[PDB]
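To start, the structure under review is shown below, and the notes come after it.
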Amino acid sequence: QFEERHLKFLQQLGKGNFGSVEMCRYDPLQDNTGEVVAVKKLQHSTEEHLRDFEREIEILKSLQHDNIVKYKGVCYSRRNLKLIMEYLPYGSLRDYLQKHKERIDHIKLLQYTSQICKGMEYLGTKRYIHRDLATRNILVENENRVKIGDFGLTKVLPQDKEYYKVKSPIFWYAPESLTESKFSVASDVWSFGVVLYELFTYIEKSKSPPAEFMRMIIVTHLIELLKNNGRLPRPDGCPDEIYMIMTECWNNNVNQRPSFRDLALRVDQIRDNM
Ligand SMILES: Cn1cc(-c2cn3nccc3c(-c3cnn(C4(CC#N)CN(CC(F)(F)F)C4)c3)n2)cn1
């Protein structure tokens, strides 16, 4: 339990469609000497958004893993519920890699890739489908650790099904998520391939998945493009096996995409060889 009176707004960290993350000092002693935390809150007073936010909070609370942002608790002002989590001083991987592209080499990129795989494999064991796997949702803990930092779109698989139908980051979506709104471990694997692309292009704005797909061309055009095996290009200086991994994640057939256990095995091998 966290007291609103002891939660001191420090700075804006990020913003989404219906939420925002802030850096706060949590100090019961009242002299700004306590612990710095990250706080997620909703933008406005809504019921459909609030119901989704409560489900998201219970999803995060249920997760305990080295590569998943740590849940700390909740803060009530009932409405207006706030999610308290650990603050990761280096911020998003999307921004971090854009800022330090000169200093980060392929071994480091493969270290981050492996950790994303491990975090994803753990989601799988819980039957959770992330649905929003992108570098913007990965946070940097330190130079040797990244964590999946947001679960706003995360769904729980039905007990008897390998997919969840929910009626959007379209440039990261698998074809069946675009055509049939079907989300699975396999569509999270497709999105992982897009993350691998993002990392090996060092977040070059002109080479981003929206930039590239729009040049190759909206949901209707993207469906046709993917059906005709239009794909993101090979990033400049890409190691051969990393491009083959991307290609395999992007198979139109759900059943021919690799597993997260196997991606972790393959990425660790490519990294060890270099
Ligand atoms: C120096 N520095 C540190 C940070 C920092 C630290 N932390 N520690 C926890 C979370 C963050 C974040 C952060 C930024 N964006 N995000 C999100 C995407 C994701 N992970 C979640 N948000 C979703 C919505 F709540 F806004 F809806 C966007 C999170 N930024 C920014 N600059």
Side-chain angles (χ1 to χ4, degrees), residues 2 7-26 34-46 48-61 63-75 77 79-101 103-104 112-113 115-120 122-123 128-155 168-169 171-172 188 191-192 194-195 198-199 203 208-210:
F2 284 81
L7 199 69
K8 322 263 63 52
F9 169 81
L10 300 173
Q11 76 168 94
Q12 190 52 45
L13 297 180
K15 207 167 183 187
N17 303 326
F18 311 113
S20 80
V21 174
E22 292 165 350
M23 185 190 186
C24 294
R25 185 78 128 160
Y26 192 72
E35 203 184 358
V36 168
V37 293
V39 180
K40 188 170 169 168
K41 60 172 254 177
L42 290 161
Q43 275 289 108
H44 295 106
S45 180
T46 320
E48 273 273 300
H49 290 149
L50 178 63
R51 281 187 285 270
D52 290 337
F53 191 41
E54 183 57 269
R55 290 202 275 165
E56 168 190 346
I57 292 169
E58 289 305 317
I59 289 297
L60 185 66
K61 184 180 179 178
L63 301 168
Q64 289 195 91
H65 194 277
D66 286 346
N67 310 293
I68 293 177
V69 68
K70 284 174 181 179
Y71 167 86
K72 280 190 172 288
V74 291
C75 183
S77 60
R79 176 103 194 97
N80 45 263
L81 177 58
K82 291 177 188 287
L83 167 64
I84 316 302
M85 75 196 109
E86 77 182 323
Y87 170 73
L88 296 177
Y90 293 108
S92 89
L93 181 54
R94 175 174 212 163
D95 302 319
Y96 183 86
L97 197 56
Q98 201 164 49
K99 197 170 267 171
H100 311 292
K101 53 199 161 194
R103 207 242 293 116
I104 301 143
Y112 301 150
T113 306
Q115 289 165 6
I116 294 156
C117 287
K118 278 170 246 149
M120 286 310 297
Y122 172 69
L123 276 204
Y128 294 172
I129 309 313
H130 196 270
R131 301 180 57 236
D132 201 16
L133 233 201
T135 67
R136 76 183 194 319
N137 292 321
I138 297 133
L139 303 165
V140 180
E141 152 88 297
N142 57 67
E143 67 166 333
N144 298 299
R145 188 168 277 183
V146 296
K147 300 194 198 195
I148 303 160
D150 191 272
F151 299 85
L153 299 188
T154 301
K155 297 295 183 181
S168 292
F171 298 114
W172 275 251
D188 274 353
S191 301
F192 170 78
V194 188
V195 164
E198 284 189 82
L199 296 171
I203 326 292
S208 74

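Heavy-atom basis, side chains included; hydrogens, waters and symmetry copies ignored. Index from 1, following the sequence. When a ligand or atom number is given, it counts from 1 through the structure's own listing order.
- Counting only non-hydrogen atoms, the option in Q43, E56, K147, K15 that gets closest to atom 28 (C) of ligand 1 is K15.
- Of all protein heavy atoms, the one lying nearest to atom 21 (C) of ligand 1 is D150 OD2, 3.5 Å.
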Margin query: What verdict does the side chain to side chain contact (heavy atoms under 4.5 Å, CB included) test give for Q43 and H49, after you've listed the backbone C-alpha separation in whole Å, the side-chain angles of each residue and the deciding distance to 0.1 Å?
Written below: CA-CA 9 Å; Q43 275 289 108; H49 290 149; over 6 Å; no
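- Against a heavy-atom cut-off of under 4.0 Å, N137 is close to the following atoms of ligand 1: 18 (C), 19 (C), 20 (N).
- Nearest protein neighbour of atom 25 (F) of ligand 1, counting heavy atoms only, is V21 CG2, 3.0 Å.
- Scanning all protein heavy atoms for the shortest distance to atom 27 (F) of ligand 1 gives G19 C, 3.4 Å.
- Scanning all protein heavy atoms for the shortest distance to atom 18 (C) of ligand 1 gives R136 O, 3.3 Å.
- Taking every heavy atom of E86 and a limit of under 4.0 angstrom, the matching atoms of ligand 1 come to 8 (N), 9 (C).
- With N137 contributing its side chain and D132 its backbone, the two residues share a donor-acceptor pair below 3.5 Å.
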Distance-only criterion, 3.5 Å: show the donor-acceptor pairs between side-chain atoms of residues 8-24 and protein atoms not counting sequence neighbours.
unit_1: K8; atom_1: NZ; unit_2: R5; atom_2: O; d: 2.8
unit_1: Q12; atom_1: NE2; unit_2: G14; atom_2: O; d: 2.8
unit_1: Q12; atom_1: NE2; unit_2: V21; atom_2: O; d: 3.1

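- Relative to atom 5 (C) of ligand 1, the option among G91, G16, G149 with the closest non-hydrogen atom is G91.
- Distances from ligand 1 to the non-hydrogen atoms of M23 include no value under 4.0 Å.
- Taking a 4.0 Å cut-off on heavy atoms, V69 fails to register as neighbouring ligand 1.
- Within 6.0 Å of CD on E35 lie no more than 12 heavy atoms contributed by other residues, nucleotides or ligands.
- Regarding atom 1 (C) of ligand 1, its nearest protein heavy-atom neighbour is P89 O, 3.1 Å.
- Test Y122, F192, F151 against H130 for ring pair (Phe, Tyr, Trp, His ring centres under 6.0 Å) and you get one pass: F151.
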Task: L97 and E198: CA distance, side-chain angles, deciding distance, side chain to side chain contact (heavy atoms under 4.5 Å, CB included) verdict - done: CA-CA 10 Å; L97 197 56; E198 284 189 82; over 6 Å; no
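- Set against the non-hydrogen atoms of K40, the atoms of ligand 1 under 4.0 Å away are 24 (C), 25 (F), 27 (F).
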Next on the checklist: side chain to side chain contact (heavy atoms under 4.5 Å, CB included) for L93 and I203? Distances and angles first, verdict last.
Outcome noted: CA-CA 10 Å; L93 181 54; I203 326 292; over 6 Å; no
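- Here the straight-line distance linking atom OG1 of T154 with atom CG of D52 works out to 11.5 Å at 0.5 Å rounding.
- Of the protein's heavy atoms, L88 O, 3.1 Å lies nearest to atom 6 (C) of ligand 1.
- Contact annotation: the side chain of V195 never approaches that of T113 to less than 4.5 Å [non-hydrogen atoms, C-beta and beyond].
- The distance criterion of under 3.5 Å between nitrogen or oxygen atoms is not met by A38 with respect to ligand 1.
- Annotation: atom 30 (N) of ligand 1 to nearest protein heavy atom, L13 CB, 3.7 Å.
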Exercise answer: donor-acceptor pairs, residues 138-150 side-chain atoms, under 3.5 Å, sequence neighbours excluded:
unit_1: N142; atom_1: OD1; unit_2: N144; atom_2: N; d: 2.8
unit_1: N142; atom_1: OD1; unit_2: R145; atom_2: N; d: 3.2
unit_1: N144; atom_1: OD1; unit_2: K108; atom_2: NZ; d: 3.0
unit_1: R145; atom_1: NH2; unit_2: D66; atom_2: OD2; d: 3.4
unit_1: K147; atom_1: NZ; unit_2: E86; atom_2: OE2; d: 2.8
unit_1: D150; atom_1: OD1; unit_2: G152; atom_2: N; d: 3.0
unit_1: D150; atom_1: OD2; unit_2: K40; atom_2: NZ; d: 2.8

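- Given atom 11 (C) of ligand 1, the protein heavy atom at minimum distance is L139 CD2, 3.7 Å.
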